[PDB]
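The block underneath contains the structure these notes are about, expressed in structure tokens.
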Amino acid sequence: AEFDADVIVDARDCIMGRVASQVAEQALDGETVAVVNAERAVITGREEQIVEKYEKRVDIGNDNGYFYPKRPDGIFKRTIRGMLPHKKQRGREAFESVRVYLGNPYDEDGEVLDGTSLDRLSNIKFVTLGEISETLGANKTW
Amino acid sequence: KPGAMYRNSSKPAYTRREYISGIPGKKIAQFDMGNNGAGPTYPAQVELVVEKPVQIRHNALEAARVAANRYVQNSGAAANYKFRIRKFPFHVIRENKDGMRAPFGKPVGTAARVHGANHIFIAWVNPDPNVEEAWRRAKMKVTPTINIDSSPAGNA
Amino acid sequence: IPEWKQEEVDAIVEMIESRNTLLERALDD
Amino acid sequence: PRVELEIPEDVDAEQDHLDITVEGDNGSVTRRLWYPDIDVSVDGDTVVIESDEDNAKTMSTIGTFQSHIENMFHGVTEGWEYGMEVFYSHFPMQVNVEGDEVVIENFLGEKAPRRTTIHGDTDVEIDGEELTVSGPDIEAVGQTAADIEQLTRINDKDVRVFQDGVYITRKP
RNA sequence: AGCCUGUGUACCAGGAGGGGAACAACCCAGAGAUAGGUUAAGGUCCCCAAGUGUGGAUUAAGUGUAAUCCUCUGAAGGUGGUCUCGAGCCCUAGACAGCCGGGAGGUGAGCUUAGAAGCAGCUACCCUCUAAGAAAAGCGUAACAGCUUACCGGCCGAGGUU
RNA sequence: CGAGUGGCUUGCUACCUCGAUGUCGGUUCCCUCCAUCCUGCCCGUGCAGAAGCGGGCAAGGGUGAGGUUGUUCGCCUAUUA
Ligand SMILES: [Cl-]
Ligand SMILES: [Cl-]
Ligand SMILES: [Cl-]
Ligand SMILES: [Cl-]
Ligand SMILES: [Cl-]
Ligand SMILES: [K+]
Ligand SMILES: [Mg+2]
Ligand SMILES: [Mg+2]
Ligand SMILES: [Mg+2]
Ligand SMILES: [Mg+2]
Ligand SMILES: [Mg+2]
Ligand SMILES: [Mg+2]
Ligand SMILES: [Mg+2]
Ligand SMILES: [Mg+2]
Ligand code: NA
Ligand code: NA
Ligand code: NA
Ligand code: NA
Ligand code: NA
Ligand code: NA
Ligand code: NA
Ligand code: NA
Ligand code: NA
Ligand code: NA
Ligand code: NA
Ligand code: NA
Numbered sequence: 004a005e006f007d008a009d010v011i012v013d014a015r016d017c018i019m020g021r022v023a024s025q026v027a028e029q030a031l032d033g034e035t036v037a038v039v040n041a042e043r044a045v046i047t048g049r050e051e052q053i054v055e056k057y058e059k060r061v062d063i064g065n066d067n068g069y070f071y072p073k074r075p076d077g078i079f080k081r082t083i084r085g086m087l088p089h090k091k092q093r094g095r096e097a098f099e100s101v102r103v104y105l106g107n108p109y110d111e112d113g114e115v116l117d118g119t120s121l122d123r124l125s126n127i128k129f130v131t132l133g134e135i136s137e138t139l140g141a142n143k144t145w
Numbered sequence: 001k002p003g004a005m006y007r008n009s010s011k012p013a014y015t016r017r018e019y020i021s022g023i024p025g026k027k028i029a030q031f032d033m034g035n036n037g038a039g040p041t042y043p044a045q046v047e048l049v050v051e052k053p054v055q056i057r058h059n060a061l062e063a064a065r066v067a068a069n070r071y072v073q074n075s076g077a078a079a080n081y082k083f084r085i086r087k088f089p090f091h092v093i094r095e096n097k109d110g111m112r113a114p115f116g117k118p119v120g121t122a123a124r125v126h127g128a129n130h131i132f133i134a135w136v137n138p139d140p141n142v143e144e145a146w147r148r149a150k151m152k153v154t155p156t157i158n159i160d161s162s163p164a165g166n167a
Numbered sequence: 012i013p014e015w016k017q018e019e020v021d022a023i024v025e026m027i028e029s063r064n065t066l067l068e069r070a071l072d073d
Numbered sequence: 001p002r003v004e005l006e007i008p009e010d011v012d013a014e015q016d017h018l019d020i021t022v023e024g025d026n027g028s029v030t031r032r033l034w035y036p037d038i039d040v041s042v043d044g045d046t047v048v049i050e051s052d053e054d055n056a057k058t059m060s061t062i063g064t065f066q067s068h069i070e071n072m073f074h075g076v077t078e079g080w081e082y083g084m085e086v087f088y089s090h091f092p093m094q095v096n097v098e099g100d101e102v103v104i105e106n107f108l109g110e111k112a113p114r115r116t117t118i119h120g121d122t123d124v125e126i127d128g129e130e131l132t133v134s135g136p137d138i139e140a141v142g143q144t145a146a147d148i149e150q151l152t153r154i155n156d157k158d159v160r161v162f163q164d165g166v167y168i169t170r171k172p
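Protein chains in written order, with the deposited numbering: chain K, 4 to 145; chain J, 1 to 97, 109 to 167; chain I, 12 to 29, 63 to 73; chain G, 1 to 172.
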């Protein structure tokens, strides 16, 4: 609720990894970022294999635990955390100044970062984070 | 025993029968097949070329040869063609069958050393290459990947 | 330049004197 | 590459985005035609399928899009029909259309009715031991015909002996 | 065999520092202290200093992002997955494929055999009509019939085939 | 005949531990692998049916009680999907 984001990024039809890499770099530069429409973010590849990887991550675990997100919400956030030294003071600060959202709770329409957009007209092998979450068992709350 | 044990040419040449005794007989039946009465006076001449230097135990030679010639009876027992296996298993091979103590093995067989690109087999046929098939079956029973090569034959 | 085709265009022109493409051919003669 | 399909006087074909719709006296069929770098557009009197690439995979889809469109043309005018024949050796098989699904009763003596739901605007008119599956959407019709045949599938016993079932008699 | 035992050399042992995720001997490098600068190996999307660099092409498998290696497997064999280069032959005198039509008679050849008629077996395989059509390449029949290959013609229209 | 995969058996080696890492078997209690014995869904059959034989996907669950032997293994009995 209420997040003074210095930047609002729209993930719709963008390559999650390429967005994250840039959101990571900016948060470490002191920027407060908000990723919007996570559910509509995309990742290239053969859906069958992609899903296997994420399903494996869900299954992995033990008493110590391996909490892996299923909602496109966290999936995206965990992706970013993997690009930050989240256990260091600086890293945790940067990570905590970044939040991912389902849809867009803001008024402004986020901006699209360069080199992160995927042309649906010249690409058929890719998937939606939302599709992944539905496969994982998430509750489509979007 | 597996070919894994003797297919490599990493050991010294060991062929001096004047210093080696108890060498098993070869299982290779013949080297000249078909109409050996006639000389290579045929239109077509295909060859099976080994693509890697390897050692081929007389075991594989016999199996490779039989599988090919036995099949060349798509032409008949007295068919018009001549088949030749030009290599002979000169390399004596041992096995250490005490543990690593006094391990010089005892003679257990023979193999032929073939260098990549040599032809092990050579057939002579009239435009009737059933031989090309006799070989798909022959390089099936020898260690290396092989090249079926046709020399005198612009009748494609 | 198939020859049998050349010979047909002739045999046809001969009966004309005394395949469709071959007849149309002879006719053109 | 580029191919041009002159649309039939009887038909009107509109298309926005990756969806093409074809309407004729016999109905309307809408399809999604999505493939990397292949543009499908209605240029007044002709539908155009084109792409800047010519690799095998591309040509394959182009040809596929074409037949898909022509098939739609045919379905909105002449339509598509599959003819089927119910057949039984001992147990009188009863095939009826109830709702949006064809039901089959007493198959090989079964007490439990076997059924299948019809696809789209496909009409399954049954007359005696003859069935006629028809509609403007070849996809839908073709499946409904198939499903009907599949519906009498048997794996447990020798098919050569137990031949009862409904079969596709005439393919369009 | 991360085996045993030689040999030449450089290294570890007794060798820091940079790189290699970690890691005696792999790479750079041999090093007094302090300071500025430029490189080496290696690296430049983030973690992480430096490119989401440029021209072009391939790959759809997450192949791959793995110099070396106990450590990084993947083989014989196979692939109309796809891209590239070559050769031969056929083709607007209409090719390749498909669809339509034709596939005729002497004559169901002779022989054998109750039988045999394209097609059990044996021999032969001739000539007529014609734009084609085997003394029949494959099914089928008790033997016929029936169904098709060869072969010809049409429709079609551009490359095709090895 | 040829090419391999595993690391359950057996052997080899002598890297690790001789200022000690308690043996075999059994038992009890937990997790896992799949090269699947049963069960689910399938393919072929020398598939009429019934009963099978062989193969594919598949590790969710199940896979039990006894007689000889310390046995592991194995032999044997009656039940059993
Ligand atoms: Cl967990
Ligand atoms: Cl960290
Ligand atoms: Cl794609
Ligand atoms: Cl020094
Ligand atoms: Cl991946
Ligand atoms: K000890
Ligand atoms: Mg049965
Ligand atoms: Mg020392
Ligand atoms: Mg940086
Ligand atoms: Mg991989
Ligand atoms: Mg290597
Ligand atoms: Mg202890
Ligand atoms: Mg399995
Ligand atoms: Mg389990
Ligand atoms: Na990806
Ligand atoms: Na997990
Ligand atoms: Na001894
Ligand atoms: Na081989
Ligand atoms: Na030194
Ligand atoms: Na290091
Ligand atoms: Na990968
Ligand atoms: Na192995
Ligand atoms: Na100790
Ligand atoms: Na014990
Ligand atoms: Na199971
Ligand atoms: Na017992």
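Every residue gets a Cβ at the ideal spot worked out from N, C-alpha and C, and that includes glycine.
>> Tell me the rounded alpha-carbon separation between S162 (chain J) and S60 (chain G).
In response: Counting from one through the second sequence, the residue named residue 162 (chain J) turns up at place 151. Counting from one through the fourth sequence, the residue named residue 60 (chain G) turns up at place 60. The alpha-carbon atoms of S162 (chain J) and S60 (chain G) are separated by roughly 40 Å.
> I135 (chain K): buried (16+ other C-beta within 10 angstroms of its C-beta) or exposed?
Replying inline: Taking the first sequence and counting its residues from 1, one reaches residue 135 (chain K) at position 132. Classification for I135 (chain K): buried.
> Which value, in whole angstroms, describes the spacing of the CA atoms of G34 (chain J) and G165 (chain J)?
Replying inline: Here residue 34 (chain J) corresponds to residue number 34 of the second sequence, with the count starting at 1. Here residue 165 (chain J) corresponds to residue number 154 of the second sequence, with the count starting at 1. Taking the straight line from one Cα to the other gives about 23 Å.
> Okay, do the segment 135–154 of chain G and the segment 115–123 of chain G touch, 3+ Cβ pairs below 8 Å being the bar?
Replying inline: yes
>> Looking at the secondary structure, which residues open and close the beta strand (DSSP E) in which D62 (chain K) lies?
In response: Counting from 1 along the first sequence, the entry for residue 62 (chain K) is found at position 59. That residue, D62 (chain K), is in no beta strand (DSSP E); its alpha helix (DSSP H) goes 50–62.
> What does a CB cutoff of less than 7 Å around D76 (chain K) pick up in its chain, not counting 5 residues either side in sequence?
Replying inline: Within the first sequence, residue 76 (chain K) is the residue found at index 73, counting from 1. The residues are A41, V103, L105.
> When DSSP labels each residue in this structure, what does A38 (chain J) get in the three-state scheme?
Replying inline: Within the second sequence, the letter at position 38 stands for residue 38 (chain J). DSSP places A38 (chain J) in coil when its eight states are reduced to three.
>> For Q92 (chain K) and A23 (chain K), I'd like the C-alpha separation in whole angstroms.
In response: Position 89 of the first sequence holds residue 92 (chain K). Position 20 of the first sequence holds residue 23 (chain K). The straight-line gap from Cα to Cα measures roughly 20 Å.
>> Is there a C-beta anywhere in chain K that falls below 8 Å from the one on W80 (chain G)?
In response: Taking the fourth sequence and counting its residues from 1, one reaches residue 80 (chain G) at position 80. Not an interface residue.
> Does the Cβ of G135 (chain G) have 16 or more other Cβ atoms within 10 Å, making it buried, or fewer, making it exposed?
Replying inline: Residue mapping note: residue 135 (chain G) aligns to position 135 of the fourth sequence, counting from 1. The residue is buried, with at least 16 neighbouring Cβ atoms inside 10 Å.
> Should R43 (chain K) go down as buried or exposed, given a rule of 16 or more other Cβ atoms within 10 Å for buried?
Replying inline: The sequence position of residue 43 (chain K) within the first sequence is 40, counting from 1. By the neighbour-count rule (16 or more Cβ atoms within 10 Å), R43 (chain K) is buried.
>> On a Cα-Cα basis, can you pick out the residue from J:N158, J:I157, J:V142 that is closest to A44 (chain J)?
In response: Taking the second sequence and counting its residues from 1, the one referred to as residue 44 (chain J) is at position 44. Closest by alpha carbon: J:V142.
> By the criterion of Cβ-Cβ separation under 9 Å, what are the contact partners of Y88 (chain G) in chain K?
Replying inline: Indexing the fourth sequence from 1 puts residue 88 (chain G) at position 88. Result: empty, since nearest Cβ-Cβ is about 42 Å, beyond 9 Å.
>> Restricting to runs no shorter than 4 residues, where is the alpha helix (DSSP H) found entirely within the segment 115–153 of chain J?
In response: 142–149
> To which residues does DSSP link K82 (chain J) through a beta bridge?
Replying inline: Along the second sequence, one-based indexing puts residue 82 (chain J) at 82. Note: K82 (chain J) sits in a beta bridge opposite J:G34, J:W135.
> Taking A4 (chain K) as the reference, which of K:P108, K:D32, K:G113 has the closest Cα?
Replying inline: Locating residue 4 (chain K) in the first sequence gives position 1, where the first residue counts as 1. The option with the nearest alpha carbon to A4 (chain K) is K:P108.
>> According to DSSP, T30 (chain G) sits in a beta bridge with which residue or residues?
In response: Position 30 of the fourth sequence, counted from the first residue, corresponds to residue 30 (chain G). Bridge partners of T30 (chain G): G:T21.
>> In the DSSP assignment, the alpha helix (DSSP H) including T82 (chain K) goes from what residue to what residue?
In response: Along the first sequence, one-based indexing puts residue 82 (chain K) at 79. Note, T82 (chain K): alpha helix (DSSP H), 75–84.
>> Distance check for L124 (chain K) and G113 (chain K), CA to CA, integer angstroms please.
In response: As a first step, residue 113 (chain K) must be located in the first sequence, where it is residue number 110. As a first step, residue 124 (chain K) must be located in the first sequence, where it is residue number 121. Rounded to the nearest angstrom, the two C-alpha atoms are 22 Å apart.
> Hey, how far is the Cα of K52 (chain J) from the Cα of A122 (chain J)?
Replying inline: By 1-based counting over the second sequence, the position of residue 52 (chain J) is 52. By 1-based counting over the second sequence, the position of residue 122 (chain J) is 111. Distance between the alpha carbons of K52 (chain J) and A122 (chain J) is about 15 Å.
>> Just to confirm before moving on: does the CB-CB distance between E14 (chain G) and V47 (chain G) stay below 8 Å?
In response: Locating residue 14 (chain G) in the fourth sequence gives position 14, where the first residue counts as 1. Locating residue 47 (chain G) in the fourth sequence gives position 47, where the first residue counts as 1. No.
> Interface residues of chain K around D37 (chain G) at Cβ under 8 Å?
Replying inline: Position 37 of the fourth sequence, counted from the start, is the residue given in the question as residue 37 (chain G). Chain K residues near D37 (chain G): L124, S125.
> Quick one, which of J:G3, J:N80, J:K26, J:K11 has its alpha-carbon nearest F115 (chain J)'s?
Replying inline: The residue labelled residue 115 (chain J) in the question sits at position 104 within the second sequence. Measuring from the Cα of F115 (chain J), the nearest candidate turns out to be J:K11.
>> Can you find the residues in the same chain that come closer than 8 Å, C-beta to C-beta, to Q163 (chain G), ignoring five residues on each side of it along the sequence?
In response: The residue given as residue 163 (chain G) occupies position 163 in the fourth sequence. Closer than 8 Å at Cβ, skipping near neighbours: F87, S89.
> Does at least one heavy atom of ligand 1 sit under 7 Å from the Cβ of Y69 (chain K)?
Replying inline: Here residue 69 (chain K) refers to the residue found at position 66 of the first sequence. True, at least one ligand heavy atom lies under 7 Å from that Cβ.
> With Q55 (chain J) and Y6 (chain J) assumed to form a contact (beta carbons below 8 Å), what rounded beta-carbon distance in angstroms separates them?
Replying inline: By one-based count along the second sequence, residue 55 (chain J) stands at place 55. By one-based count along the second sequence, residue 6 (chain J) stands at place 6. Going by Cβ atoms, the distance from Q55 (chain J) to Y6 (chain J) rounds to 6 Å, so yes, they are a contact pair.
> How many angstroms separate the CA atom of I69 (chain G) from the CA atom of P172 (chain G)?
Replying inline: The count along the fourth sequence starts at 1 and reaches residue 69 (chain G) at position 69. The count along the fourth sequence starts at 1 and reaches residue 172 (chain G) at position 172. About 16 Å.
>> Between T47 (chain K) and ligand 15, is there a pair consisting of the residue's CB and a ligand heavy atom that are separated by less than 7 Å?
In response: Locating residue 47 (chain K) in the first sequence gives position 44, counting from the first residue. Correct: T47 (chain K) has its Cβ closer than 7 Å to ligand 15.
> Which term fits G165 (chain G), buried or exposed, when burial requires 16 or more other beta carbons within 10 angstroms of its beta carbon?
Replying inline: Within the fourth sequence, numbered from 1, the residue matching residue 165 (chain G) stands at position 165. With 16 or more other Cβ atoms within 10 Å, it is buried.
> Taking the Cβ atom as the reference point for each residue, do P113 (chain G) and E101 (chain G) lie within a distance shorter than 8 Å?
Replying inline: If you number the fourth sequence from 1, residue 113 (chain G) lands on position 113. If you number the fourth sequence from 1, residue 101 (chain G) lands on position 101. For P113 (chain G) and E101 (chain G), no; Cβs fall outside 8 Å.
> In chain order, what residues place their C-beta within less than 6 Å of a heavy atom belonging to ligand 3?
Replying inline: K:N126, K:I127, K:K128, G:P36
> Would you call the CB atoms of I63 (chain K) and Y69 (chain K) closer than 8 Å?
Replying inline: For this step, residue 63 (chain K) is matched to residue 60 along the first sequence. For this step, residue 69 (chain K) is matched to residue 66 along the first sequence. Yes, Cβ-Cβ distance for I63 (chain K) and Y69 (chain K) is below 8 Å.
> Would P89 (chain J) be called buried (16 or more neighbouring beta carbons within 10 Å of its own) or exposed?
Replying inline: On the second sequence, residue 89 (chain J) is found 89 positions in, with the first residue counted as 1. Classification of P89 (chain J): buried, given that the 10 Å Cβ count is 16 or more.
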